[PDB]
Amino acid sequence: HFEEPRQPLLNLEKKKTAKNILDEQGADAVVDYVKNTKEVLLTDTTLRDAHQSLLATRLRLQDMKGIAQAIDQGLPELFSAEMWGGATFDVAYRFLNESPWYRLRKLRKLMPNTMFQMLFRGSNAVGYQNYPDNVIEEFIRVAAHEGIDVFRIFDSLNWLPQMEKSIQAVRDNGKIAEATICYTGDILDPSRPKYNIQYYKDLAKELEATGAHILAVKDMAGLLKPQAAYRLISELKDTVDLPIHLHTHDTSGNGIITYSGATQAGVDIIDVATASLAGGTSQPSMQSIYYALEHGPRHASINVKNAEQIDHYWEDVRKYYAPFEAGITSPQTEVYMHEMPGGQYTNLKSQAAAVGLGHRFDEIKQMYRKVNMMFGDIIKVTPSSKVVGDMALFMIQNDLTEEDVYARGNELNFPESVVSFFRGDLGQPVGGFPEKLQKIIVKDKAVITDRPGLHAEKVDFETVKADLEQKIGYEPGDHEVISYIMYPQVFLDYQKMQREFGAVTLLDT
Amino acid sequence: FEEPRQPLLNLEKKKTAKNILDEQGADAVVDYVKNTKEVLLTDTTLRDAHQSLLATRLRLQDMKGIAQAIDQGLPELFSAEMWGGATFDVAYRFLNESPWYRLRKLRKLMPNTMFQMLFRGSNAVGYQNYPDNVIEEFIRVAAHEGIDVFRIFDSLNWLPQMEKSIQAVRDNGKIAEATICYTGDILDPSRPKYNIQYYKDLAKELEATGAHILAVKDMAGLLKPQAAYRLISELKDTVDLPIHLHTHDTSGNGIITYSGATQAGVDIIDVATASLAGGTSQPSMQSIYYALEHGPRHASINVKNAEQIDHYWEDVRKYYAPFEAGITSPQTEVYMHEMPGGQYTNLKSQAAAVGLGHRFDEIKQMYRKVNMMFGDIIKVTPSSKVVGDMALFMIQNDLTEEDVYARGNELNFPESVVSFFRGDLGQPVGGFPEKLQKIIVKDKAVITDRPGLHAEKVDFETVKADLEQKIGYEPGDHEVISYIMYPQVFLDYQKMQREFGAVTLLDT
Ligand SMILES: [Mg+2]
Ligand SMILES: [Mn+2]
Ligand SMILES: [Mn+2]
């Protein structure tokens, strides 16, 4: 039994938001507004990333609705609200039995003046596998039409060919394209020169050569240290003219100091979560970041009293999600050794428990680090982090070392995600694959070296629409066709649950 | 429960501040701190980290498994905060182990680690005031048993209640840390009572005493990063003593505040091990290392060894699940209500025990208003207890400020509020509010000088003989001092010793 969640007591101020500028003057004017803003701007990750990291993405539309309008009116200073993409699309269907499209429509109505930001995985939009180009373009068209205003487009290997088409589609739909560099490694560690400052500079130059409106720096594992953050942001600001959007996780406890370091260097936007859903593997707290910068040269653009009022509601509704809580959470600097993103951390822990190795999770994480080194020190983020996690699980579960796969390897049946990674299905890693180990991994199957979307089976939306209309009881909308293409079986199971249980999204949590 | 993981250390064998103290004395330690370019770290894992997170319930049995690893694997530590605070009372009352026994065992296990204790000035580890000779005897015995650093503070930042303790610590050849409790916001012009000049003058006065180190205690984590930089700078250009900053991470800004203070030139900062850090506890030691890694000043610590130690601490924290606070998020409302973490938890518990937990929000608002009504006082033990009790009283019987100011001449205010307004805790900065004080005491004697002057005299010979009667043997000096500080608690501990024996030897 729970009391009603506390409702915020706001002090409303009418301002013109970035969403209003986008609606009236387009993406370039929004870019100018961000460029002309002296304060650092904030993107609230509460609706997507905060509960993806802390609550296994299980946060429901019903709890979102009770506070969405309060966020829209009480925090008009926000650059945007990250409310879509990531694991939310799949999790909604699969586990919450609510449509991500329905969530987007309801929030869009409730939040007219808030810019809606989505995490978009480049060639595999919200999936884990590459889709043909027209599928990606159609997804982007529907997402922009239904109210996504900002597309943070990233590729799990920082491979620009996998991002170009999505960036172009976002621009063609009159929305804001965020081209993302995934940060990994340590630019201040000379012993690790692969992802050095020059690598990021060149990548940022290439991304700016695209039409991307904003350059995002995505630190999926909270690897960006404060001095590293200041240096990287400074070098990027000297290399390109796009506004910078930094996104970090607080898993090592250094999120606030990293954000302040980037703010000194001139970052434009930083990703924050509400205090009650912040810290740990989630983003740094928005209230905390306000007080960190309060009397410095640059302030955080936010109504902190209103944010503290909103946080009471978020604190109350988090209690509904006790079964999905991770547990005791402390700052964890081991993330600097094993570069596992939080989602990869929890999923790997769960899989090790199901496998029956939870007592050896320490050497599981060591295997993760060594597997990453064996694959060639790859950027570990969805879905590339799944590859490393699966390989490490496989190598501990059958007691393999590096030499075991390098000499005995030709006999083992490596997990399919490792195989798919080494066939080039995820794209091309920086510096290419390790040729010998690639030969061991893919014994005989075909290996591609170009954009996997080129080799994607063609999809025609008319036949898919007719077939879906047969499979479900009615004529599907464009969003439903796009969902069926991305997650075929998941969408059908969701339709089955809709026919059998109805809109359970209306139930209170 | 699995056996806690033991650290795999890489030992370096360097000379520590404890060695300098043992061979060359406190002044040489101060010079060593002054000459150190890096920021030095004080580990609060053994006292403050588990006082904040585990209700001070961490037992000697768990400390023993890792004490030597801390001593050898982290020789760079300036000191380990392992005594004082609520630990002294809690050990006896709830853990049924002697704080003196803990100190002796840890001292043996940690020969090269400087032991730091939180000392409450006029009170040693109690909540009331004690006569001067009792405080001096406590300091003598604590220094003899192995306490090397005494962080001496007074709950109202009143120097007369710290002078005697500082002098006794110096006379015993140990390091005296004179402490300013931080409160308010030195960068908020609308709250001028505790401005930068107040702290500067207090620091000058403290340096006039023989204090070796000036400590800035931010019991509630109120010190914001820009404020931290500015305050440490102004203090650094005011006095010559090294600065020792201690903050809590309640608002989520502990690390950034420490980095700001490191920029301003703070010499020592208080950190907890990662597994017992964050939230209402201190910022993480590993986190503070990686925060400063490539800046002008590094943190002096073997971070690999610290990360190894943290595995053990993480494992043993699981034994203390019944004492956990719960889901912990950064909380910037501490800037409004300046509750210290311990005051926060105890106030929550008391409100629940009287059926008011559903309105803890207005309870905290009452706490803030009560603080403003008492005159914006420094809220730390035991002064924070006074504000907490008054706020509980006013919500529980539905009073406002007008109620106590007009109708208040007939209610029975709680005794700790009465004791505070009688001057038993000392004299607040700016004095008491005249009308409220009269309404509060209503008949009783109000003193304006050091309460220890009017403390009933204590003679250790008669106390020792009486204690030897009450227990079955002749007590040591530490046992006499404990009996004077906590008479009933010590006797109940002796009863439990006679009945159950040394339960401290059991695993948690
Ligand atoms: Mg700007
Ligand atoms: Mn993220
Ligand atoms: Mn403290």
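Because the Cβ atoms are built from the backbone with ideal geometry, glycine has one as well, and the counts that use them run over all protein chains shown. Here, each number is a calculation from the coordinates, and none is a lab measurement.
Quick check on this structure: which one of B:270, B:249 is charged (D, E, K, R), under 24 Å from residue A:224 (Cβ atoms) and within 16 Å of ligand 3 (Cβ to nearest atom)?
After ruling out the rest, the residue left standing is B:249.
Give me the residue from segment A:306-334 that is assigned to a helix (DSSP H, G or I) and closer than 24 Å to residue B:255 by Cβ and, out of that set, nearest to the other protein chains (Cβ to nearest Cβ). Even if it seems obvious, please write down each step before you answer.
First, the residues of segment A:306-334 that are assigned to a helix (DSSP H, G or I): A:306-324, A:333-334.
Subset that is closer than 24 Å to residue B:255 by Cβ: A:307-308, A:311, A:314-315, A:318, A:333-334.
On the way: A:307: 9, A:308: 6, A:311: 8, A:314: 9, A:315: 7, A:318: 7, A:333: 4, A:334: 7 Å.
So, considering only residues that are assigned to a helix (DSSP H, G or I) and closer than 24 Å to residue B:255 by Cβ, the one nearest to the other protein chains (Cβ to nearest Cβ) is A:333.
Scan segment B:314-369 residue by residue and report those that are under 22 Å from residue B:155 (Cβ atoms) and of a type in the set (A, V, I, L, M, F, W, C).
B:334, B:336, B:339, B:347, B:363, B:366
Being surrounded by fewer than 16 Cβ atoms within 10 Å (Cβ to Cβ) and away from ligand 1 (no atom under 16 Å from the Cβ) narrows it down to one residue among A:374, A:367, A:337; which is it?
On the way: A:374 fails: surrounded by fewer than 16 Cβ atoms within 10 Å (Cβ to Cβ); A:367 fails: surrounded by fewer than 16 Cβ atoms within 10 Å (Cβ to Cβ).
Being surrounded by fewer than 16 Cβ atoms within 10 Å (Cβ to Cβ) and away from ligand 1 (no atom under 16 Å from the Cβ) holds for just one of A:374, A:367, A:337, which is A:337.
Based on this model, can you work out whether residue A:231 counts as of a type outside the set (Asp, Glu) and within 13 Å of chain B (Cβ to nearest Cβ)?
Criteria met by residue A:231.
Residues in segment B:337-350: is at least one within 9 Å of another protein chain (Cβ to nearest Cβ) and not hydrophobic (A, V, I, L, M, F, W, C)? Quick ask: steps written out before the conclusion?
Taking segment B:337-350 first, the residues within 9 Å of another protein chain (Cβ to nearest Cβ) are none.
So far as segment B:337-350 goes, no, none of its residues is within 9 Å of another protein chain (Cβ to nearest Cβ) and not hydrophobic (A, V, I, L, M, F, W, C).
Conditions first: (1) touching a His at 6+ places or on another chain (Cβ under 7 Å); (2) within 16 Å of ligand 1 (Cβ to nearest atom); (3) within 24 Å of residue A:287 (Cα to Cα). Residue A:31 passes all but one, so which condition is the exception?
Only one criterion in (1) touching a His at 6+ places or on another chain (Cβ under 7 Å); (2) within 16 Å of ligand 1 (Cβ to nearest atom); (3) within 24 Å of residue A:287 (Cα to Cα) is unmet by residue A:31, namely (3).
I'd like to verify a number: residues in segment A:282-309 that are of a type outside the set (A, V, I, L, M, F, W, C) and touching a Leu at 6+ places or on another chain (Cβ under 7 Å), how many?
7
Which fully enclosed helices (runs of 4 or more DSSP H) of segment A:21-74 have 3 or more residues being small (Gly, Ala, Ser), more than 16 Å from ligand 3 (Cβ to nearest atom) and surrounded by fewer than 24 Cβ atoms within 10 Å (Cβ to Cβ)? Show your work before the answer.
Values: elements: A:27-36, A:51-54, A:61-74.
Output list reads A:61-74.
Which one is nearest to ligand 2 (Cβ to nearest atom), of the residues in segment A:33-45 that are under 25 Å from the mean Cα position of the chain (by Cα) and of a type outside the set (S, T, N, Q)?
It comes out as A:44.
Test residue A:148 against the criterion of being touching a helix residue (DSSP H, G or I) at 6+ places or on another chain (Cβ under 9 Å), β-branched (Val, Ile, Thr), more than 29 Å from residue A:335 (Cα to Cα) and crowded, with 24+ Cβ neighbours inside 10 Å, and give yes or no.
Judged against the criteria, residue A:148 is a match.
Taking into account only those residues within segment A:227-265 that are surrounded by fewer than 24 Cβ atoms within 10 Å (Cβ to Cβ) and small (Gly, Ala, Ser), which is nearest to ligand 2 (Cβ to nearest atom)?
If we take residues in segment A:227-265 being surrounded by fewer than 24 Cβ atoms within 10 Å (Cβ to Cβ) and small (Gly, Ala, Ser), then A:265 is nearest to ligand 2 (Cβ to nearest atom).
Which of the residues that make up segment A:278-299 are more than 13 Å from ligand 2 (Cβ to nearest atom) and either of a type in the set (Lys, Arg) or more than 24 Å from residue A:38 (Cβ to Cβ) (or both)?
Correct list: A:279, A:298.
Which of the residues spanning segment A:290-305 are within 21 Å of residue A:266 (Cβ to Cβ) and at the interface with chain B (Cβ under 10 Å from one of its Cβ atoms)? Working first, answer last.
Filtering segment A:290-305 for residues within 21 Å of residue A:266 (Cβ to Cβ) gives A:290-302.
Across segment A:290-305, the qualifying residues are A:290, A:291, A:292, A:293, A:294, A:295, A:296, A:297.
Do we find that residue A:48 is within 16 Å of ligand 2 (Cβ to nearest atom), of a type in the set (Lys, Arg) and more than 19 Å from residue A:30 (Cβ to Cβ) in this structure?
When the stated conditions are applied, residue A:48 passes them.
Residues of segment A:220-255 being under 19 Å from the mean Cα position of the chain (by Cα), among the β-branched types (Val, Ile, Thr) and not in a loop (DSSP other than H, G, I, E, B), which ones?
Listed by number, the residues that qualify are A:244, A:248.
State all residues of segment B:266-289 that are farther than 19 Å from residue B:317 by Cβ, surrounded by 24 or more Cβ atoms within 10 Å (Cβ to Cβ) and within 11 Å of another protein chain (Cβ to nearest Cβ); if no residue qualifies, say none.
Residue satisfying the conditions is B:288 alone.
Please state which one of B:104, B:93 is touching an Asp or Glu at 6+ places or on another chain (Cβ under 8 Å), under 30 Å from residue B:10 (Cα atoms) and more than 16 Å from ligand 1 (Cβ to nearest atom).
B:104
Regarding residue A:370, is this residue within 14 Å of another protein chain (Cβ to nearest Cβ) and not acidic (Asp, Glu)?
no
Would you call residue A:386 of a type in the set (D, E, K, R), on the phi < 0 side of the Ramachandran plot and in contact with a helix residue (DSSP H, G or I) (Cβ under 7 Å, 6 or more places away or on another chain)?
Answer is yes for this residue.
Can residue B:494 be described as in a helix (DSSP H, G or I) and surrounded by fewer than 13 Cβ atoms within 10 Å (Cβ to Cβ)?
So residue B:494 fails the test.
Residue B:461 is checked against (1) exposed (fewer than 11 other Cβ atoms within 10 Å of the Cβ); (2) touching a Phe, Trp or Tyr at 6+ places or on another chain (Cβ under 6 Å) and fails just one. What number does that condition carry?
Every listed condition holds for residue B:461 apart from (2).
Which residue pairs have Cβ atoms closer than 6 Å, lie 6 or more positions apart in sequence or on different chains, and pair a first residue in segment B:293-314 that is surrounded by 17 or more Cβ atoms within 10 Å (Cβ to Cβ) with a second residue that is among the β-branched types (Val, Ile, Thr) and assigned to a loop (DSSP other than H, G, I, E, B)?
B:310/B:273; B:313/B:273
Any idea which of A:292, A:300 is in contact with a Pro (Cβ under 7 Å, 6 or more places away or on another chain) and either of a type in the set (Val, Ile, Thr) or away from ligand 3 (no atom under 16 Å from the Cβ) (or both)? Don't jump to the end; show me each part of the working.
Values: A:300 fails: in contact with a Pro (Cβ under 7 Å, 6 or more places away or on another chain).
Selected residue: A:292, the only one of A:292, A:300 that is in contact with a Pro (Cβ under 7 Å, 6 or more places away or on another chain) and either of a type in the set (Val, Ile, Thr) or away from ligand 3 (no atom under 16 Å from the Cβ) (or both).
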